[PDB]
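**Student:** Experimental coordinates for this protein are included below, preceded by the sequence.
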Amino acid sequence: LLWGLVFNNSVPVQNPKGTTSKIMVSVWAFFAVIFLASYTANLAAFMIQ
Amino acid sequence: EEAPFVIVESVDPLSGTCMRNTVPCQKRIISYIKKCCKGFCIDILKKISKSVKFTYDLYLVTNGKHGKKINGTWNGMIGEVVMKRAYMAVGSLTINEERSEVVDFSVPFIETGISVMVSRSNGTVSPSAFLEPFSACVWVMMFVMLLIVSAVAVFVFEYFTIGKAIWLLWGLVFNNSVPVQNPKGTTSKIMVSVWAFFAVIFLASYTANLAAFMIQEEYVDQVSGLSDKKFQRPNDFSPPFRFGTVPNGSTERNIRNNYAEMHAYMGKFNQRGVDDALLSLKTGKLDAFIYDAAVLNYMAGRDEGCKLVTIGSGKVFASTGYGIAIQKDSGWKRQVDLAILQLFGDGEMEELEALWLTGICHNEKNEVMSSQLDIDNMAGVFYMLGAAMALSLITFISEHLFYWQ
Amino acid sequence: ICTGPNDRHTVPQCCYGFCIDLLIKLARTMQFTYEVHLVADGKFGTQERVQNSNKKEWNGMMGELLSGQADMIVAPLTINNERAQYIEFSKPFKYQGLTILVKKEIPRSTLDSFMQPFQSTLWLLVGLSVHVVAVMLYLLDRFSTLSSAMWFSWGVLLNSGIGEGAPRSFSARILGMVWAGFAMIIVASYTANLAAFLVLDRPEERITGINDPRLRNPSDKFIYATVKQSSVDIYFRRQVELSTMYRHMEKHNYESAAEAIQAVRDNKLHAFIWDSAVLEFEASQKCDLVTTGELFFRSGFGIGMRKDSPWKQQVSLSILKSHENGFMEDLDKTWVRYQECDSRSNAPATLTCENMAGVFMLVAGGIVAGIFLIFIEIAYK
Amino acid sequence: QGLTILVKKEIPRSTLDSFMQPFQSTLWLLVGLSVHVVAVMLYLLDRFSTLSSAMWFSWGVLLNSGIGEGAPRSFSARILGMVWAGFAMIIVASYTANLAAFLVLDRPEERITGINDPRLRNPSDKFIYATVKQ
Ligand SMILES: *[C@@H]1O[C@H](CO)[C@@H](O[C@@H]2O[C@H](CO)[C@@H](O)[C@H](O)[C@H]2NC(C)=O)[C@H](O)[C@H]1NC(C)=O
Ligand SMILES: O=C(Nc1ccccc1)N[C@H]1C[C@H](C(=O)O)Nc2cc(Cl)cc(Cl)c21
Ligand SMILES: *[C@@H]1O[C@H](CO)[C@@H](O)[C@H](O)[C@H]1NC(C)=O
């Protein structure tokens, strides 16, 4: 699941229950969305030189 | 010398009194303390002497002023031509009427007037940022295709609920809000998988284009002109900002003696010496600056970096010219004119200009990265959010509206 | 009133305008009674040899002043040296210069089709490789759910959430974990390339003044000229460093000053040389046509008088004092300042439907493919 | 041969500082407030014709995750969330665009160009340069 989330949501799976777990995973998703975004940003540079 | 039109320079012990290409300003100023001078108008005198061919001294002014009078008594270079102690005066000098009356004036050779200088800008971006990358047409064709494909889903699953498929589909465009009941049936799934393709192309193309509007220019950023309330109303719209000029000069009478408030308001924020205002505007001490045209159009183009630019140079205020002042009614006034009107034809004017006047920031500078705390320009989407909230409240009103029946 | 002899028809009509405004203003100062008429020849005038050895005459209104017909000129009459030897000029009231005209460059000319950033090869390449890896996963799961895996694969590329498949193996798992990475990479690179195409599509830079090197010697994609026998050639031909452009123009010349605008708007002239304050008032009105930012010949018009009228100095003083109160500025605002249109650098080219329509064609393709494919369920059942 | 000028290597990597940089702290807290705002609004609109549920749903959809299986049972909440999602997408989009802008138009400095470089027409004291005397 985690590895899948980074690469923009392959396929849903068994979501771990428990409030604390869900908090941690929701935090991880933030790092994800920042990462993929920054990637596309920079890869939109090398094609301008 | 009060500008990059005449330059004062001390004496050199090596090559005589000083270098070539300069002429001795031999002025027994205070009591034959020699200096020497070069620059722009010096060049034009060194070409006047090529078609009138006379001899001339070069002595400066007792008062170092620009020509305001008091009690009818005249100061400045004018003040020392009115008494005809000196047959002729050139250099940096405007042309008004109260000066045009005492003495005469030649044909002007470089046009000037009034403009404004201000620290340039930050990088602003239009509030319309969000809406830009599309014509409104696609934005309705969206709903069109949504409804038609939902009808096709009706046709398909004839062989969910149609008040629900819209939810899933509309969700998919905006990057996958939340999974819901996936309609079964192979044909349906094919149609929806097709729709997802349109989605991924759409969001992509969007981000692409919205990554353009933030790479082009902005920032007119300052004013319209002397007619703005910003100027004439000192505290109405924005209380604290303040500007000024330098007194003692020509550009006074063409504001005071025709405008009312700005004189009494600037009477508390004037600076002795020119570049004092440059220092002030370097560190935000003063907001705006008014002065002659050409001195400004030069002082900007040769700073460290063009953080200080004219307010839309194309507009000028009280456009007049420099010139060459002659004692009253001398027979020379014609020749010099006949003289100078040659040099405009022979291209030499542009030549001397390029010899002194050109500025560094002539090209359009890079539109700066606009890092944003800009709640202001992104506000429109928040306001559409609120509009959604209002649509929510009225839709809830519709609940009771049906409920009483 | 205006007695125009160029209707041989001398006809009384009316005339007005910026200059007329200045004249009617100035009148109140010095008690002027005045008829007004036009010039039969319809040209300014210059020194020209006549009778092939006899005299030097002025072929126009300037002569009409010197001849004894006129007594004062008010029109955009230029100032230079040559004329200054027989006239007396007031100070100049309206500076000006030399500029060029070109039609509006490009409002929206950027994109063609959505597949454009890729090229057809890689499309079919990934379209094959997806089924490839699909069936590979199928076998790897089968021998320690075919249509399932086919979905899973051909979906994960499409960001959807269709199907609840999964791998039960270990091999399939470790494979898909990077299949996903390839998926993300494709979409990323696609966005980047489309951004590049949309940001560095500079159509063309608006030609910059007379010193534009494209004019050092012109390509035939630069049609431009003046009106034959103007007062601009006195700086074109009389200058030596322009004789090449002089020859290009004498061959490319247009008929009338209005024919210039007619030809530019007709996509037959794509740049035009003239004075600033002659075109600039037509750009801000003919919104499809704008000027270049540069100034070439520094000069400003003025009022002409016969040599040593007893008020030369006087009218010059009045025109000075009347230039800074508000007359010239306000008269420009109400008479030369439409400000109707404002161009800028190459805009970021808002998207239109007509080049984004291509994807809707695949939408319609799905639509039509539906009612075909539907009965296949009924058949297979 | 000819006459040239020497300058050290200009910049190999001098671009970015921190990830929050393209935004500025104000809008961060603004959206952080508005998310709970719309959350509780949805809560009431569903409650009076599942609180922690809606709190998730909201504060998740911004984060692209797939956490929680909540939903709206009302009609008002539905029509509201349908555009809450749009605002979500818009924020991330604009964020990417701004970061791209910051990474593409950070020209540190252009290497000074020959003797006719105008910066040398009269030098700033940030231009130390000379020859060997005699
Ligand atoms: C220039 O303006 C200043 C005031 O704005 C005045 O300079 C004063 O300078 C003169 C000459 O040095 C002194 O006699 C006065 O006493 C100064 N004023 C005061 C209040 O002390 C003067 O009006 C102008 N002087 C010149 C030379 O232009
Ligand atoms: O070129 C011409 N006549 C011409 C007509 C048809 C074909 C060729 C030449 N006139 C010039 C000269 C004259 C002037 O005082 O500048 N009138 C005048 C006034 C304005 Cl506003 C602008 C110009 Cl260029 C002109
Ligand atoms: C933005 O403007 C303000 C005041 O004008 C000042 O911080 C500075 O000039 C600009 N910012 C930067 C980073 O230069």
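**Tutor:** That came in fine, so what should we check first? Residues are numbered from 1 along each chain as shown, chains lettered A, B, ... in the order given. Ligands and ions are numbered 1, 2, ... in the order given.

**Student:** Enumerate every residue touching the residue in chain C that ligand 1 sits nearest to.
**Tutor:** Proximity of chain C to ligand 1 (CB to the nearest ligand atom) peaks at residue C:324, 22.0 Å away. The way it works is simple: take the backbone N, C-alpha and C, and place the C-beta from them, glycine included. Contact partners of residue C:324, counting by CB atoms under 8 Å, 6 or more residues apart in numbering or on different chains, are B:254, B:258, B:318, B:320.

**Student:** Mind doing that once more with 7 Å?
**Tutor:** Applying CB atoms under 7 Å, 6 or more residues apart in numbering or on different chains to residue C:324 gives the contacts B:254, B:318.

**Student:** Kindly report the same for residue C:260.
**Tutor:** Applying CB under 7 Å, 6+ apart, the residues contacting residue C:260 are C:254, C:269, C:272.

**Student:** Inside helices: which ones of the residues you listed?
**Tutor:** Of those, none are assigned to helices by DSSP state H.

**Student:** List the residues that contact the residue of the stretch 151-300 of chain C found nearest chain D.
**Tutor:** Per CB to the nearest CB, residue C:195 is where the stretch 151-300 of chain C lies closest to chain D, at 7.3 Å. With contacts defined as CB under 7 Å, 6+ apart, the neighbours of residue C:195 are A:44, B:208, B:211.

**Student:** With respect to ligand 1, which of those residues is nearest?
**Tutor:** Nearest to ligand 1 among the contacts of residue C:195, counting by CB to the nearest ligand atom, is residue B:211 at 54.4 Å.

**Student:** which of the contacts of residue C:195 has the most neighbours?
**Tutor:** Within the contacts of residue C:195, residue B:211 tops the neighbour count with 30 neighbours, counted by other CB atoms under 10 Å in any protein chain shown.

**Student:** need the helices for the chain, in chain order.
**Tutor:** In the absence of a named chain, chain A is used. Counting by DSSP H, the helices of chain A are A:2-6, A:19-43.

**Student:** wait, I meant chain C there
**Tutor:** Under DSSP H, chain C gives helices at C:18-30, C:61-67, C:120-142, C:146-156, C:171-199, C:233-236, C:243-252, C:257-265, C:276-283, C:312-324, C:327-335, C:353-356, C:358-380.

**Student:** can you tell me if the second one touches ligand 2.
**Tutor:** No: against ligand 2, helix C:61-67 shows no contacts by CB under 6 Å from any ligand atom, the least distance being 8.3 Å.

**Student:** re the thing from before, check the contacts of residue C:195 against chain C, which are close?
**Tutor:** Residues of the contacts of residue C:195 in contact with chain C (CB under 7 Å from any CB of the partner chain): A:44, B:208, B:211.

**Student:** Turn those into TSV, including distance to chain D.
**Tutor:** Conversion of the ones next to chain C among the contacts of residue C:195 to TSV gives the following (distance: CB to the nearest CB, whole Å):
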residue	distance to chain D
A:44	5
B:208	9
B:211	5
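
**Student:** Let me know which of the helices of chain A is the nearest to residue C:320.
**Tutor:** Residue C:320 sits nearest to helix A:19-43 of all the helices of chain A, at 59.6 Å, using CB to CB.

**Student:** Give me the nearest residue to residue C:199, chain neighbours excluded.
**Tutor:** residue B:212 (5.3 Å; CB to CB, 6 or more residues apart in numbering or on different chains).
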